[PDB]
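Notes for the one structure printed next.
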Amino acid sequence: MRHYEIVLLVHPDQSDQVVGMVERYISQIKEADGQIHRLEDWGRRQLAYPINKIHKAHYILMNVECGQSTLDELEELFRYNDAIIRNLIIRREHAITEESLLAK
Amino acid sequence: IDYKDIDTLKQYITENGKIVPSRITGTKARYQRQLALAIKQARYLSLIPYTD
Amino acid sequence: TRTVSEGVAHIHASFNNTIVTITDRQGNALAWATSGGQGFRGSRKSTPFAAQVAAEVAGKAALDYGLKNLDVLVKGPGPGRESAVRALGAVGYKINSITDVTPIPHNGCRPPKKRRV
Amino acid sequence: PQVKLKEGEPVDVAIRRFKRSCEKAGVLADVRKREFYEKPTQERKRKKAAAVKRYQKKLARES
Amino acid sequence: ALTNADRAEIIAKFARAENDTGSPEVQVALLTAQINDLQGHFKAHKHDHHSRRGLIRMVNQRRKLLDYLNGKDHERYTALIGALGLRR
RNA sequence: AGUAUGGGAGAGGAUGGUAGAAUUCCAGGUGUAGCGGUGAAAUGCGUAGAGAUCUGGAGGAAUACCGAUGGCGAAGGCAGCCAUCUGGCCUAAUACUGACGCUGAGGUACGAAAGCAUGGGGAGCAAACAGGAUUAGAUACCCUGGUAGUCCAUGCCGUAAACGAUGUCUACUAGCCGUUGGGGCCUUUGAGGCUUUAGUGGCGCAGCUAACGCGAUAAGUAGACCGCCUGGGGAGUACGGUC
Ligand SMILES: NCCC[C@H](N)CC(=O)NCCC[C@H](N)CC(=O)NCCC[C@H](N)CC(=O)N[C@@H]1[C@H](O)[C@@H](OC(N)=O)[C@@H](CO)O[C@H]1NC1=N[C@@H]2C(=O)NC[C@@H](O)[C@H]2N1
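Chains as they are written, first to last, in the deposited numbering: chain f, 1 to 104; chain r, 21 to 72; chain k, 12 to 128; chain u, 2 to 64; chain o, 2 to 89.
Set out below in structure tokens:
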């Protein structure tokens with residue numbers, strides 16, 4: 001399979017829901033196949049510039065390993081979910097597990 | 021470089037937010053390319069501003 | 012009638028004319044004067060002296076609204092920006108900040124053709 | 002820029018700190034470049050001449 | 002695309018000796034597998050000429066190796082073209 | 001000459017998605033006589049409210065800074081970010097095939113911009129065109145507008161100062177100074193110094209050249225194959241033929 005790094009920005013008003021969505025995403029990944037090598041919650045960070053007239057957001061960082069169908073499903077879920085205002089997906093070589101900076 | 025390394029990224033950014041050329045900071049070309057890519061990814065991620 | 016204490020000064024300087032607009036914060040206009048209004052018709056619009064005169068007129072008009080400290084923003088090239096900002100201070104205002112806000116595209120639309128003069 | 006001004010700073014001195022800020026920023030150069038469209042051929046020739054001048058300056062300052 | 006395991010299976014099948022990776026049989030089999038694999042790519046990316054140049058290079062190399070093998074040993078040439086399905 | 005295995009750099013190509021700045025238009029708040037343009041003006045816009053300034057919408061096209069005598073590609077060419085499919089190149093040591101090579105008449109593939117066909121799109125720019133200027137005249141250069149086009153999909157066209165005005169491949173012939181991607185060695189804690197290789201530049205001995213200049217990226221010394229030239233016009237024209 002392939003290793004991906006995913007960054008999610010969540011509307012602060014819906015921060016109470018973040019746990020449910022991350023559990024269901026991890027559950028989907030696991031039932032299909034693959035691993036989760038990092039899960040980090042940076043918290044409620046202020047944005048450098050407003051997005052959709054919002055000034056703060058919840059930041060989630062995932063380092064996972066999964067397949068193409070799982071990647072497509074995750075992209076579709078991020079697109080169609082409204083709690084997610086921005087997402088970044090980056091291919092990686094080798095799995096990163098060490099606690100990143102910006103964790104605090 | 022990595023885009024989460026925000027303080028190090030700010031070390032190479034002017035007060036307008038523009039990227040500093042390699043000639044001024046003495047950077048290597050390979051390191052500079054990675055630094056610029058990290059800056060652009062951070063700008064998209066909204067950890068650092070695009071302008072100002 | 013309305014009283015404001017803090018204000019913003021917008022300077023629109025070009026190679027052809029200078030426009031000085033005094034607004035309150037939140038961008039609502041209070042007074043405005045241009046080099047065209049104070050004579051200086053045609054080519055005479057662009058000289059620094061005309062910009063100074065227009066800035067003085069605009070500051071005097073805003074003094075009736077009665078604000079004492081203002082923040083100036085300069086947008087555009089051409090003569091008259093420095094003269095205009097000096098005139099605003101010379102009227103008796105306290106300038107709080109002064110910055111350039113001229114728009115710069117990130118390689119957007121195509122400019123017009125080069126003049127062959 | 003955002004040139005904020007101190008208690009003892011005169012108006013003229015504040016404006017002077019300002020033109021230094023803006024001259025260091027070099028926004029007016031971009032404004033000059035933006036006003037008319039430059040063909041890619043002319044841009045390439047300009048950059049070629051600039052590179053030659055830079056190398057000549059480097060040689061002159063080294064020796 | 003093909004993987005190391007897929008390439009190793011072809012090399013093992015067509016090898017003429019121990020650690021034989023340079024024989025015309027092995028080279029032609031590898032090129033044939035790669036060419037057949039790329040036909041799927043060029044069905045969905047018809048206007049990708051830059052990669053089609055490399056595909057044409059593979060075809061030319063296969064032709065040259067086949068002609069060399071035919072010159073060296075006719076029986077091996079017929080056996081290889083029969084095993085790979087090539088018409089010539 | 002080629003193959004397998006580890007590692008590396010890249011605006012190489014195709015598809016889809018997405019982010020920020022700016023221009024234009026629309027609606028609204030403040031507000032009042034100009035705005036715009038030039039050498040100077042005028043055409044033009046504005047008291048049914050312009051320009052300026054602030055907030056919110058619509059849409060198209062292009063990617064500031066990084067940026068470089070930098071990089072990649074056979075050439076034409078390729079620059080925001082992300083994913084998918086995919087070509088070539090560089091680099092180390094083994095193992096393998098055993099001349100499998102070079103060039104190439106015909107042929108065939110790709111091939112800037114403009115142009116053509118069918119269907120979409122259209123912010124900005126702008127052939128044609130309209131008006132205002134300048135002028136002896138202005139058909140132009142300047143100004144205010146503006147259609148095709150420039151953009152997308154699917155095809156055609158096959159031409160450029162398509163240039164290094166320098167066909168491809170191979171070997172050899174002083175040195176000095178840069179830069180890009182790798183390999184090795186040495187100092188000694190982390191940054192420097194020697195080499196080697198593949199690119200990309202500046203000088204320059206010998207040699208060559210009518211001269212200018214070229215000079216290991218040759219226009220030097222030699223070999224293999226192909227293309228082309230034979231005074232200037234008439235003329236890349238006429239007739240015939242192919243597309
Ligand atoms: N192995 C494959 C590698 C491929 C790659 N290509 C590397 C390569 O193989 N290179 C070979 C070098 C040949 C070179 N092209 C010939 C040349 O250089 N001039 C042509 C001869 C004309 C004349 N006899 C000399 C001349 O007038 N010189 C001028 C002059 O010095 C100076 O002009 C002024 N006004 O003072 C300078 C500033 O512009 O310009 C030069 N002119 C130019 N400088 C440019 C340049 O180097 N190139 C491109 C083009 O632009 C060139 N014209």
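Even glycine gets a Cβ: it sits at the ideal position worked out from N, Cα and C.
Interface annotation, residue 15 (chain f): not in contact with chain r, CB-CB separation never under 9 Å. With a cutoff of 8 Å, residue 61 (chain k) does not count as near ligand 1, since its C-beta is closer than that to no heavy atom of the ligand.
Under the Cβ distance rule, residue 56 (chain u) does not count among the residues neighbouring chain k, no pair being separated by less than 9 Å.
DSSP places residue 43 (chain u) in the uninterrupted alpha helix (DSSP H) bounded by 41-63.
For residue 52 (chain u), the Cβ stays outside the 8 Å cut-off from all heavy atoms of ligand 1. Residue nearest to residue 56 (chain o) within the set o:68, o:77, o:28 and o:43 is o:43 (criterion: CA-CA distance).
In the three-state reduction of the DSSP assignment, residue 70 (chain f) falls in the helix class, which pools H, G and I. For residue 26 (chain u), the chain r residues whose C-beta falls within less than 8 Å of its own C-beta are 36, listed in chain order. The continuous stretches of beta strand (DSSP E) do not include residue 7 (chain u), and DSSP gives it neither H nor E.
For the stretch 26-59 of chain r, the residues whose beta carbon sits under 8 Å from a beta carbon of chain f are, in order, 26.
Listed by position along chain k, the residues whose Cβ is nearer than 7 Å to that of residue 36 (chain u) are 122. Chain order gives the chain u residues near residue 116 (chain k) as 35, where near means a beta carbon separation below 8 Å. Burial is judged here by how many other beta carbons sit within 10 angstroms of a residue's own beta carbon; residue 53 (chain u) has fewer than 16 and is exposed.
When the alpha-carbon of residue 91 (chain f) is set against those of f:67, f:17, f:29 and f:30, the nearest one is in f:67. No Cβ of chain k is located within less than 9 Å of the beta carbon of residue 48 (chain u).
Within a 10 Å sphere around the beta-carbon of residue 98 (chain f) sit fewer than 16 other beta-carbons, which makes this residue exposed. In this structure, the beta-carbon distance from residue 40 (chain k) to residue 82 (chain k) does not fall below 9 Å. Given a length threshold of 3 residues, each whole run of the beta strand (DSSP E) inside the stretch 21-73 of chain k is given here in chain order: 29-35 and 40-45. Sequence-distant partners of residue 96 (chain k) (beyond 5 residues in either direction) whose C-beta falls short of 6 Å from its own C-beta, in its chain, are 83.
Across the structure, residue 44 (chain r) and residue 34 (chain u) are spaced so that their CA atoms are roughly 23 Å apart. At a cut-off of 9 Å between C-beta atoms, residue 88 (chain k) counts as an interface residue with respect to chain u.
In the structure shown, residue 29 (chain f) adopts helical secondary structure according to DSSP, grouped into three states. Around residue 20 (chain u), the beta-carbon contacts reaching into chain k at under 7 Å are 93. Within the DSSP secondary-structure output, residue 108 (chain k) pairs in a beta bridge with u:5. Straight-line measurement puts the Cα of residue 42 (chain r) at about 30 Å from the Cα of residue 50 (chain f). The Cβ-Cβ distance between residue 89 (chain k) and residue 24 (chain k) falls below 9 Å. By alpha-carbon distance to residue 34 (chain f), the top candidate from f:65, f:94 and f:71 is f:65. In the DSSP assignment, residue 25 (chain o) falls within the unbroken alpha helix (DSSP H) covering 25-45. Going by C-alpha positions, residue 66 (chain r) is about 45 Å away from residue 61 (chain u). Of all residues in the stretch 39-53 of chain f, only 47, 48, 49 and 51 place a beta-carbon less than 7 Å from a beta-carbon of chain r. Residue 96 (chain k) belongs to the set of residues whose beta carbon lies under 9 Å from a beta carbon in chain u. Between residue 86 (chain k) and residue 112 (chain k), the C-beta spacing is below 9 Å.
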